[PDB]
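*Asks:* experimental structure below, sequence on top.
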Amino acid sequence: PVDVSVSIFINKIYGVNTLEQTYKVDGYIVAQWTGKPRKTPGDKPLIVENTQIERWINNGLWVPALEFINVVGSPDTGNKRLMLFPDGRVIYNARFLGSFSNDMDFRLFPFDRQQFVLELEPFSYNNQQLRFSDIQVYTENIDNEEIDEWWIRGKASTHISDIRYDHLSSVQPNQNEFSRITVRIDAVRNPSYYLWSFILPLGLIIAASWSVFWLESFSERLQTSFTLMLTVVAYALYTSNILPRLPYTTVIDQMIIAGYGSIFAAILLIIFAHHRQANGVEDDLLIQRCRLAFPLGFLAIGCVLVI
Amino acid sequence: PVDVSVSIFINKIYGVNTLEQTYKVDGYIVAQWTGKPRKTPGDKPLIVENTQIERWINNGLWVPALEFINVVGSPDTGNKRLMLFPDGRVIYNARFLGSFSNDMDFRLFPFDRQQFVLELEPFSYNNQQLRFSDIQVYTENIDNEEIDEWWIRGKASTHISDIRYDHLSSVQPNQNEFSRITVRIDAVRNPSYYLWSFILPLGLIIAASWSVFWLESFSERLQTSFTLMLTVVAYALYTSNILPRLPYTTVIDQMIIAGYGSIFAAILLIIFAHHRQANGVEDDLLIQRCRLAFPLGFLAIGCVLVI
Amino acid sequence: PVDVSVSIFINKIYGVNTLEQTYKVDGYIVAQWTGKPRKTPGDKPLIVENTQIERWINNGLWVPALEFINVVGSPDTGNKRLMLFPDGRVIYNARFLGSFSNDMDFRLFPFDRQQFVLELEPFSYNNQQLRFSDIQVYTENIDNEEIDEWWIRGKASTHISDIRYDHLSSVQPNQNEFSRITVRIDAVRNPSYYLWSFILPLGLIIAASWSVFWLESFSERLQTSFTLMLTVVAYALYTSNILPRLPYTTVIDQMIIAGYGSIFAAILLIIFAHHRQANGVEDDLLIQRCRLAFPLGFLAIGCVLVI
Amino acid sequence: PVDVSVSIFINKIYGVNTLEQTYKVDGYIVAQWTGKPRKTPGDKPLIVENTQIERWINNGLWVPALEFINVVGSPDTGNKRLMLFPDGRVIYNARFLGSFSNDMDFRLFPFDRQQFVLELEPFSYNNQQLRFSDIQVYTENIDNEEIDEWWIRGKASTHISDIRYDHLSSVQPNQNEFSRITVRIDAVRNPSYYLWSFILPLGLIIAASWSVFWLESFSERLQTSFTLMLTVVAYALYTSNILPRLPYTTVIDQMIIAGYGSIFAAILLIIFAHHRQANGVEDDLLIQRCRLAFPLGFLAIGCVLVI
Amino acid sequence: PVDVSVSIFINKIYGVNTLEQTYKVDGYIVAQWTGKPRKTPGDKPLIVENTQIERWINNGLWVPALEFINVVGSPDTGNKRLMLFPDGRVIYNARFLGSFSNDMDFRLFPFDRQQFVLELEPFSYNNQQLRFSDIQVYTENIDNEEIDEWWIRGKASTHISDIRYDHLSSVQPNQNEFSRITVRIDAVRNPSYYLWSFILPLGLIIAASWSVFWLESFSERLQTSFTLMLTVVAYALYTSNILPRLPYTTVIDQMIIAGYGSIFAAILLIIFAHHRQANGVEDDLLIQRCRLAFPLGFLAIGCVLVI
Ligand code: NA
């Protein structure tokens, strides 16, 4: 039951895909396992690069196929090489770029935390066991992470385990358990850009929406909410042309609905004030010290949406 | 007439394409069939991975080509292996990601139900018979399906059948019938996002459109419908920048037309009111208890478009 | 001079590209031609699948290369196989997906009819003759064509012909004439979506543009055309975000220009009315029974553009 | 020093890329050169298609690698064949689709003329000489060029020359001079669509911007320029959503800035008029026969931007 | 310990990717190293092109794999050849297009300077030493750089160095030090287009935002800021539909927030003026010689953001 050591060097985790829940990882993979010794030219280890590797497979060098369980579509494999040792051992080393899948909740957008994950397990072998797992995260904690879109939390986390496949066919004598390296990397989004360029102007617009009550007329008050309406939709356009498409409602997404709400609320008050009289055209006018009373009817409903 | 068992493991069904009617399926495929027995090294079954398989084909290992009938463009095949059994049997196992085609009606959007389908049939063989078909849907019912765009209904459904090709050339003695495994998976769209961030604000706008009749003037009434007009078109922009391009009119699509209609209706009434007199500038004013009479002339025409 | 029968099974014609004039075709191709007879194992015909075919070419099986003349870029070839008959004949069968080119006039958009075309001709041979051509269009006339973007007219049309290449070099004794199968398939666009969600609302906007004359003031009349202006541009934004980019002006495209026109016309009248007086501020007021006189100055100019 | 004749058949030049300066060319290439004579089966020349060619290379048929100097990324090569003549000569023929690079000035947009170019030079040889160059442009002058995006000027132009590479290493005895065929094709853009659907409406908007001065009030005048402002930006959105991204300012791009200018000009006049008095609220009113005086202050600054 | 000379010919550096920090490089690479001498046919050096090279590898020609350390995904390799010298030496020459990664700060947008970088280091070898590095930048200083998006600074910079890998396994006797050629090319963005078509009109809008104080009424003043608001958002849409998506805030990005600010400021003043009285409706009116006093409260806060 063969011992395989694995080391994995992660270069970039880049190109997240909000819709498909997908990221890209460029790096190298190394596997070492000891075999029946070999004469090498010199007595120095042998280097077998790229096209040459498949030649030795044809002369019966077993090299096991390790699968990226969670990869989406066969990865771009770079240079590969075998290092063949005289005293048996074999070291396989390749560069790769691959697209990987994990679960990603984006619901608390710009303020999401995420988890980039690798899953390695051999493609046809269960005795054949992943010995130890190492993970060298080139990219450091605080290089200059305010140029990069994500801030990585800790260092790489590991965990080798055993996976049981129930439904597998022609085997019974306890042989359905495969060795699986799992690598996690935690991260948080760089909530800058979205504050300064989304959250803030959305708020200014929301605020200045409320200054409708400081209009004197009723005709004035009613007519410029329709402009405020248009202003939200305009801003909705803007968000949409920038933000990552999703199938759920982000934080920003709600803020936007709050806008649509406050303004439709206003239209209700504003028309109510005018026809809540005894006479005829007595504007309630006492309502409009909701002037700065329903801004904090909103900061009330806005400090509620933090639970 | 050869017996082939098939097992198909579906990992994700992702990336639907509304326009092309097309989805992506990542998973593995397995085929097992028993041949004339063989000496394996040890007496343990043989593993033949990737490049090595095509070598055994050259020494006459038949391995039949099974075609994904409904795939659009040759699929990304990952690791493949042959497991060669001493007592004859052969088990072929590959990982794949492929783009598939089925019919998809999107007409009742955000509220559509769909059917993701696989079709497997051997590429050159009719005796040669798909024995039994299995389908292991990793993804469970209620994992956390409100992160995922779609909620899958039941478990996978099957159906092995026989397909007769009429127009096939140089054969007559009853040999035009091929074995075809067909897999279906039912699903419904996660109608959240579209309610909360589309149907709802469209409604608020439609509503507040109606508050035009609560304007005192006529000049007031006529002029702010043009702003309401602009507001629909603005919102039409927004839907368009988010929603899946189609060649028919979805539910949302109609709502948007209703907006355009209510507002063009308004312009008709509002101008009719002013010149339906018999003096000169007697505003009908009794019409404008359509104030909250043609909102439910719309909720009438809106409860009609469900049947 | 070799007889080659061809059959072509078309699965989907999808993914049209208005700019590049390009469509996608998924289907199978078959070629049969009879050779000098052969011993087949059994006396039943031989099946040679995929990788194995190129092996037989190396031992001198001629298999002719047939070219898709009008394809843009080498097509995605699926499974292929040779069926080798004992009595000589050979049947070549492959599945393919390829992007093809034909001339496409889009000028009368949503209402365009088109012609999807295949052109097959052998790549190096002129004696060597395409015997007969067959075309099985799986997709029927009225399946449910109102889910699909196009409605196909008839059945597939054929035509085998002879092509003469003038400028070809080292041959003169009358040998510049190649055999070419041509397949056509007619189609019309599903003019639905564009009526209901473009032609119509554009019309409503165009109409309600005209209700500017029913404004009392002059200041009223001039000021809200600027809003009508904005409304056309807003709608132009909308069409652009949805419709297929082209290098000519479609029907819809013109409608939009008509909008820009009627509104600029209005600004001319409206300003003329005010300063076509005798006194000073006598609004012509008789002009403004162009109220519902230049809507049918437009339906006049609109029933003219049906050439 | 080997004589190689080259013929190049151009099928489509399509898919221009304004940003990257890049077009696509689908066509065939032919090369003929005479070698030491050969026994062909029959005495008729030999046809070697596709996979078979590389076989002859391994038995020492030299076939030279000709490079597309100005291609971006290795091109899609279709069917290739060698025609092997008994009397020595060899004719290489392949179909190709490749993306090419040339310098492209887009500064005078919709009215740009361009030059589609091919550059062929052998990859490792300088004795080895391109004999003569031929270029058959299938696509004729006036087929129906008003469906196509570009109108090609002349016929294809040629030029075989000699290229000297200074910095090349291990050679000195005058051997740094390589044979290079260069093909040019001139073309002009189909300036239709952009006149009718961009230049014109931009003008109408620009014009109707000027009708601000025919407003009576000052408050009227100032307020509806802000709507005119919005109108330009609205139209800037529209251009952007349609026009090819570039890193310089096209003609249209300037027109748009003219708009922003005229309207910002207006705001200056309009506010100047009101406060350039000999009292308090005396509107200069004589200025506002810039009514139709600064439209031709613009047609003055607009006939300046042509030379 | 083998001496390898390298020459690198850069053709285009194009297609930058702001998000991913990524550019494309098309060019050629050359490596020369001297081996144990060889009989060449003739006594003239041997040319081994493309497919043929891998043949010589199989007969034991070492050719070392050199890695592009900083490339994102395996590059498109074009023609390759070996030139085999009788007196030992070997010259390897290939054409390539590759996507490369470097750190890119975009914070001072349109006015960013950048650094295009190549990193070459052998894939399995440390004795084996990069002799000297040469870099021929075809593209000159002032060709016509105002058609191109970037202006390159100097000429190519070099630097061969030694890299120590700490974590490498089965070696200790001082053998973890690899030879690495590093190429830099400096560049600045063509800040034209963004001045003329972004910075400028944003300024005009910003300016003309200030002409709100030259409105007489209060109702006038408050209502047309909402239109100014809309105007910023409209312009924000425009920038977003054109500019490169980033995860930080560019210069233009801030300007846009300034706009939102000045306009929200205005709304504060404008409402303050009206209700900062002694009496009731005394407009402060003395404030509104902030008319042209807070434009330079902004040019004050705008000359502060140059640090
Ligand atoms: Na857009």
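*Replies:* Structure received. Residues are numbered from 1 along each chain as shown, chains lettered A, B, ... in the order given.
*Asks:* please report the distance of residue A:241 from residue C:237.
*Replies:* Distance of residue A:241 to residue C:237, computed by CB to CB, to the nearest Å: 11 Å. Where C-beta positions appear, they are placed from N, C-alpha and C, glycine not excepted.
*Asks:* max-length strand in chain A?
*Replies:* Looking across chain A with DSSP state E, the single longest strand is strand A:3-17.
*Asks:* and it, what does it pack against?
*Replies:* In terms of contacts (3 or more CB pairs under 8 Å, 6 or more residues apart in numbering or on different chains; DSSP states H and E), strand A:3-17 is packed against strand A:22-33, strand A:113-122, strand A:129-137, strand A:177-189.
*Asks:* hmm, back to that, residue A:241 and residue C:237 - which one has more neighbours?
*Replies:* The neighbour count for residue A:241 versus residue C:237, taken as other CB atoms under 10 Å in any protein chain shown, is higher for residue C:237 (26 against 20).
*Asks:* chain E contacts on the stretch 201-307 of chain A?
*Replies:* A:201, A:204-205, A:207-208, A:211, A:214-217, A:220, A:224, A:227-228, A:230-231, A:234-235, A:237-238, A:241-242 (CB under 8 Å from any CB of the partner chain).
*Asks:* give me the subset of these touching the ion.
*Replies:* Near the ion, taking CB under 5 Å from the ion as the test, no member of these is found.
*Asks:* filter these to the buried ones?
*Replies:* Neighbour-count burial (16 or more other CB atoms under 10 Å in any protein chain shown) applied to those gives A:201, A:204-205, A:208, A:211, A:214-215, A:224, A:227-228, A:230-231, A:234-235, A:237-238, A:241-242.
*Asks:* just these: which are in helices?
*Replies:* Counting by DSSP state H, those place A:201, A:204-205, A:208, A:224, A:227-228, A:230-231, A:234-235, A:237-238 in helices.
*Asks:* whichever residue of the stretch 201-307 of chain A sits closest to chain C: what's it in contact with?
*Replies:* Relative to chain C, the nearest point of the stretch 201-307 of chain A is residue A:237 (9.2 Å; CB to the nearest CB). Going by CB atoms under 8 Å, 6 or more residues apart in numbering or on different chains, residue A:237 touches B:234, B:237-238, B:241, E:237.
*Asks:* go again using 7 Å as the cut-off
*Replies:* B:237-238, B:241, E:237 (CB atoms under 7 Å, 6 or more residues apart in numbering or on different chains).
*Asks:* would you mind giving the domain segments of chain A?
*Replies:* Following curated CATH domains, one finds the domains of chain A at A:1-190, A:191-307.
*Asks:* closest to residue D:38 out of those?
*Replies:* domain A:1-190 (31.7 Å; CB to CB).
*Asks:* about what we covered before: to chain B, which of the helices and strands packed on strand A:3-17 lies closest?
*Replies:* strand A:22-33 (8.9 Å).
*Asks:* is there proximity between the closest one and chain E?
*Replies:* Yes: using CB under 7 Å from any CB of the partner chain, strand A:22-33 comes into contact with chain E via A:26, A:32.
*Asks:* could you list the paired strands of that strand along with their orientation?
*Replies:* Within its sheet, strand A:22-33 is paired with strand A:3-17 (antiparallel), strand A:90-101 (antiparallel), according to DSSP bridges.
*Asks:* show me which residues of the longest one are buried.
*Replies:* Of the residues in strand A:3-17, those buried under the neighbour-count criterion (16+ other CB under 10 Å) are A:4-17.
*Asks:* so how far is that strand off the chain centroid?
*Replies:* 16 Å (CA atoms, centre = their mean, to the nearest Å).
*Asks:* next: the shortest one.
*Replies:* Strand A:90-101 has its average C-alpha position 21 Å from the chain's average C-alpha position, going by CA atoms, centre = their mean.
*Asks:* get me the contact residues on chain A for chain B.
*Replies:* Near chain B, when you scan chain A using CB under 7 Å from any CB, you find A:20, A:54, A:57, A:65, A:67, A:72-74, A:101, A:103, A:105, A:123-124, A:167, A:169-170, A:219, A:222-223, A:226-227, A:229-230, A:233-234, A:236-237, A:240-241, A:247-249, A:253, A:257, A:260, A:264, A:267, A:271.
*Asks:* which of those residues fall within strands?
*Replies:* A:67, A:101.
*Asks:* tell me the angle the helix ranked longest in chain A makes with helix B:200-210.
*Replies:* Ranked by residue count under DSSP H, the longest helix found in chain A is helix A:251-275. If you take axes from the mean of the first three to the mean of the last three CA atoms, to 10 degrees, helix A:251-275 sits at 20 degrees to helix B:200-210.
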